[PDB]
Amino acid sequence: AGXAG
Amino acid sequence: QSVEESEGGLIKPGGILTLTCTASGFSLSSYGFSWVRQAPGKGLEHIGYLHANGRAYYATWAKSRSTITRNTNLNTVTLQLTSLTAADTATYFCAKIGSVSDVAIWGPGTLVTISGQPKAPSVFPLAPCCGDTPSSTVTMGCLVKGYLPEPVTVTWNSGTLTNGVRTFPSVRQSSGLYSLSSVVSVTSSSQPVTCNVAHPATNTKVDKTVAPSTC
Amino acid sequence: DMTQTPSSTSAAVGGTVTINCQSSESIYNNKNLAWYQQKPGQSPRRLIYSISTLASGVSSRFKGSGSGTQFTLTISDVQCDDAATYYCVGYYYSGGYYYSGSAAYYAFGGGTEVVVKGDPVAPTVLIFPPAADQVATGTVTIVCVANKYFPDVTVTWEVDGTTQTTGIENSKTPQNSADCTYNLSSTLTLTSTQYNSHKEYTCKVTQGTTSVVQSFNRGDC
């Protein structure tokens, strides 16, 4: 979830 | 955990660059991985990002001529870049950049040179003009001239001479060939010193033992 | 995009450097921002991530800060080992739903060259006449070397007293990670004809008001 929802 | 770009090298303008990023110790597909490049003497530049969710996002300049794809079966990601020009000459890196994650990982990078066959270096010994005033050290060198593409590797005495070596960054001549020098400073009682020059792109290795100049 | 300033800076050993980055839009989650250090010939080394978290094995005199669109890297008690180029890099993401579509990218700053000012040292200069086998090739390359010096130098070539303006290439090593000094190669390239048609070959390395010359006469070597 660090680069997206 | 580590990644590794496939081999770069000399490529004709207008051709296609294809680079493969192979992972070891982890699964590439569980992370988002980017391709980054760096033109000689310039800054880092993002090409595109293959998100963990499988979507590829490209820098605007790259979108029309780049494709980034994952091979889960082989634990690779691949960059294809088309219609190459000299502006695409750069070191190309596979990397999880790690803007927020604990995990960040970069390949060692691979040099891609757009310029049509490679050229092996000529190697000339560098020796002071005969005419010293007994000093405590002597400095010899090798001039590595006229090769393409980068890189070459230079060692002295097959790697046993590790101190006092200065190998200068290569410079690209107007002709497009590269050149550099390596010097070594040794105590004045030294035995002969030999430079070892390897050029993977032409599969050559040259050894030059530096003799003193006539006197 | 990322605007990184200054593009070049310097500090004395023990000083402080500050590097700023300004993003045209806000970084993802107001969190996704790393700083990298790169030395010549090496992969980038991550210093900081999530704006302010120290990466593993990174000294505590590196400090990251900021929020939104403005970010700062502070290097305290700077050392010769800090001589490097530094880059910020932000991540951006928007959308992600069917009706929004999605877009993501990273943006690297343009980089900052950091020169560390150590103890001044004058260069020693060496000149190497061309090997006998060089002349036979119709092209001659004369190498001059300025070793272990700080601060920067300028090199001049003279042939029989006439300053040269063409055929000269300089290559400087990175700063020594222990004592901040440089080394420099300067090469003068001539045809075998020109080389044989002159006598005295001189390289002059100037550091401020001090100049060091090394010379040779073609006839002597």
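As given, the protein sequences belong to chains A, H and L, one line each in that order. Heads up, the first sequence is in PDB author numbering, so the first residue is 3 and it goes up one at a time. Here the second sequence stands for residues 2 to 82, 82A to 82C, 83 to 100, 100A, 101 to 112, 116 to 215, where the numbers follow PDB author numbering. Here the third sequence stands for residues 3 to 27, 27A to 27B, 28 to 95, 95A to 95J, 96 to 211, where the numbers follow PDB author numbering. All C-beta atoms, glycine included, are put in the ideal place defined by N, C-alpha and C.
Could you tell me if residue i is buried or exposed, where buried requires 16 or more neighbouring beta carbons within 10 angstroms of its beta carbon?
i                 : result
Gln-81 (chain H)  : exposed
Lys-64 (chain H)  : exposed
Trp-156 (chain H) : buried
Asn-203 (chain H) : exposed
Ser-189 (chain H) : exposed
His-188 (chain L) : exposed
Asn-173 (chain L) : buried
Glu-27 (chain L)  : exposed
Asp-86 (chain H)  : buried
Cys-88 (chain L)  : buried
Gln-6 (chain L)   : buried
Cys-195 (chain H) : buried
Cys-92 (chain H)  : buried
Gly-106 (chain H) : buried
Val-133 (chain L) : buried
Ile-48 (chain L)  : buried
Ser-60 (chain L)  : exposed
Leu-51 (chain H)  : buried
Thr-155 (chain L) : exposed
Could you please give the first and the last residue of the uninterrupted beta strand (DSSP E) stretch that includes residue i?
i                 : result
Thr-110 (chain H) : 107-111
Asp-123 (chain L) : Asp-123 (chain L) -> not in any beta strand (DSSP E); alpha helix (DSSP H) instead, spanning 122-125.
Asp-207 (chain H) : 204-209
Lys-162 (chain L) : 158-162
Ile-132 (chain L) : 129-139
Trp-62 (chain H)  : Looking at the DSSP string, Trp-62 (chain H) is not in any beta strand (DSSP E), and its letter there is neither H nor E.
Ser-94 (chain L)  : 84-95B
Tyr-49 (chain L)  : 45-49
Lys-63 (chain L)  : 62-67
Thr-7 (chain L)   : 4-7
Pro-125 (chain H) : 122-126
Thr-214 (chain H) : Note, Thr-214 (chain H): premise wrong, no beta strand (DSSP E); not H, not E.
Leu-82 (chain H)  : 77-82
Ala-84 (chain H)  : Run containing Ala-84 (chain H): none; DSSP gives neither H nor E here.
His-52 (chain H)  : Taken as a continuous stretch (DSSP letters only), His-52 (chain H) belongs to no beta strand (DSSP E), as it is neither H nor E.
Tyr-96 (chain L)  : 95F-98
Residues of chain H with CB under 8 Å from residue i, in chain order?
i                 : result
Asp-210 (chain L) : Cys-129, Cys-130, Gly-131
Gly-101 (chain L) : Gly-44, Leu-45
On a CA-only basis, which of the options is nearest residue i? Give me that one, please.
i                 : options                                   : result
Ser-185 (chain H) : H:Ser-122, H:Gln-173, H:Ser-135           : H:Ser-135
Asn-30 (chain L)  : L:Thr-152, L:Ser-94, L:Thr-196            : L:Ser-94
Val-19 (chain L)  : L:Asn-166, L:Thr-85, L:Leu-116            : L:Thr-85
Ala-97 (chain L)  : L:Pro-164, L:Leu-33, L:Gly-108            : L:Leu-33
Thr-79 (chain H)  : H:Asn-203, H:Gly-33, H:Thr-139            : H:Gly-33
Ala-24 (chain H)  : H:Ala-40, H:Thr-77, H:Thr-209, H:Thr-70   : H:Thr-77
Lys-94 (chain H)  : H:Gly-9, H:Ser-31, H:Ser-190              : H:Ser-31
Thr-89 (chain H)  : H:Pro-121, H:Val-98, H:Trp-103            : H:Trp-103
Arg-56 (chain H)  : H:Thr-70, H:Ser-175, H:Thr-167, H:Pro-14  : H:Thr-70
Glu-5 (chain H)   : H:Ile-17, H:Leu-11, H:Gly-15, H:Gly-26    : H:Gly-26
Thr-83 (chain H)  : H:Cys-195, H:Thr-187, H:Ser-174, H:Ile-12 : H:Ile-12
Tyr-147 (chain H) : H:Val-206, H:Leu-45, H:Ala-120            : H:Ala-120
Quick one: list the residues of chain A neighbouring residue i, beta-carbon separation under 7 Å, in chain order.
i                : result
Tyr-36 (chain L) : Near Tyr-36 (chain L) there are no residues of chain A at all, since even the closest Cβ is about 17 Å away, more than 7 Å.
Using a cut-off of 7 Å between C-beta atoms, extract the partners of residue i located in chain H.
i                 : result
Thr-131 (chain L) : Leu-143, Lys-145
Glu-159 (chain L) : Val-171
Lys-107 (chain L) : Within 7 Å Cβ-Cβ: nothing; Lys-107 (chain L) doesn't reach chain H, min ~21 Å.
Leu-33 (chain L)  : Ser-97
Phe-118 (chain L) : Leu-126, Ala-127, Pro-128, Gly-141
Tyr-86 (chain L)  : Neighbours of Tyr-86 (chain L) on chain H: none; closest Cβ ~11 Å, over 7 Å.
Starting from residue i, trace the alpha helix (DSSP H) both ways and give me its first and last residue.
i                 : result
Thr-183 (chain L) : 182-186
Along chain L, in chain order, which residues have C-beta atoms closer than 9 Å to that of residue i?
i                 : result
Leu-180 (chain H) : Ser-161, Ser-175
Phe-91 (chain H)  : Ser-43, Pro-44
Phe-168 (chain H) : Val-135, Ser-161, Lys-162, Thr-163, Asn-173, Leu-174, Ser-175
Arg-56 (chain H)  : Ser-95G, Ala-95I
Residues of chain L with CB closer than 7 Å to the CB of residue i, please, in chain order.
i                 : result
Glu-46 (chain H)  : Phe-98
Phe-124 (chain H) : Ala-121, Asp-123, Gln-124
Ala-88 (chain H)  : Neighbours of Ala-88 (chain H) on chain L: none; closest Cβ ~13 Å, over 7 Å.
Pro-105 (chain H) : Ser-43
Under 8 Å Cβ-Cβ, which residues of chain A neighbour residue i?
i                 : result
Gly-95A (chain L) : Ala-6, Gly-7
Could you tell me which chain H residues have their CB closer than 9 Å to the CB of residue i, listed as they occur along the chain?
i                 : result
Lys-39 (chain L)  : Those do not exist, as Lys-39 (chain L) stays about 12 Å from chain H at its closest Cβ, beyond 9 Å.
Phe-206 (chain L) : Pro-128, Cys-129, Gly-131
For residue i, would you say it is in contact with chain C, using Cβ-to-Cβ distances shorter than 8 Å as the test?
i                : result
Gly-57 (chain L) : Considering every chain present, this structure includes no chain C. Its protein chains are A, H and L.
Given that residue i touches chain L, what residues does it touch there, using C-beta distances under 8 Å?
i                 : result
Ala-101 (chain H) : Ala-34, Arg-46, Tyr-49, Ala-55
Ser-213 (chain H) : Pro-119, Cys-211
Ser-35 (chain H)  : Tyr-96
For residue i, verify whether its CB is less than 7 Å away from any heavy atom of the ligand SAM.
i                 : result
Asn-203 (chain H) : Among the ligands in the structure shown, none appear at all, so the ligand SAM cannot be discussed.
- Message: For the pair the stretch 201-209 of chain L and the stretch 111-123 of chain L, tell me if three or more CB-CB distances fall below 8 Å.
- Response: yes
- Query: With contact counted as at least three CB pairs below 8 Å, one residue from each stretch, are the stretch 137-144 of chain H and the stretch 174-189 of chain H in contact?
  - Reply: yes
- Message: Within 8 Å, do at least three Cβ pairs link the stretch 61-70 of chain L to the stretch 9-22 of chain H?
- Response: no
- Message: Three or more C-beta pairs under 8 Å: does that hold for the stretch 115-131 of chain L against the stretch 165-184 of chain L?
- Response: Short answer: they touch.
- Count the CB pairs spanning the stretch 39-54 of chain L and the stretch 136-156 of chain L that are closer than 8 Å, and state whether there are at least three. no
- Message: Taking 8 Å as the cut-off, does the stretch 144-154 of chain L touch the stretch 101-109 of chain L (at least 3 CB pairs, one atom from each stretch)?
- Response: no
- Would you call the stretch 149-166 of chain L and the stretch 75-84 of chain L touching, i.e. three or more CB-CB distances under 8 Å? Segments in contact, yes.
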